[PDB]
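Single-structure report; data block below.
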Amino acid sequence: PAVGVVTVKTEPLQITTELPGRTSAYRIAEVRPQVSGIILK
Amino acid sequence: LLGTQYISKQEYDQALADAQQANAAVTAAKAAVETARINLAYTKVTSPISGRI
């Protein structure tokens, strides 16, 4: 039988796990009023 | 009576405390009115936009 055969050359393998990031701002910092009152302008 | 005779500048300046000190008490109370005036005429309409209600 004519059997094509592969001899294993091994070593380097970059493994990268691609997987779903959910990006967010570095400082969100929602401006909440420290002090009550009508927003005048 | 300043410079002249009885008032003896410290006993004057003990009163010039009490004027400057109790006029400051007015500034406490006149603002304590202005606090409780903007809880009286502070009823309500509108919020300071002008438009269609």
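The chains in the structure tokens are called A, B, ... from first to last as shown; in each chain the residues are counted from 1, and the ligands are counted from 1 in the order shown.
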Mind running chain A against chain B at 12 Å and telling me each contacting residue's nearest atom pair with the distance in Å (one decimal), counting only C-alpha atoms, chain and number ascending, as JSON lines?
```
{"residue": "A:37", "atom": "CA", "partner": "B:47", "partner_atom": "CA", "distance": 10.5}
{"residue": "A:38", "atom": "CA", "partner": "B:47", "partner_atom": "CA", "distance": 7.1}
{"residue": "A:39", "atom": "CA", "partner": "B:48", "partner_atom": "CA", "distance": 8.6}
{"residue": "A:40", "atom": "CA", "partner": "B:48", "partner_atom": "CA", "distance": 6.8}
{"residue": "A:41", "atom": "CA", "partner": "B:48", "partner_atom": "CA", "distance": 8.9}
```
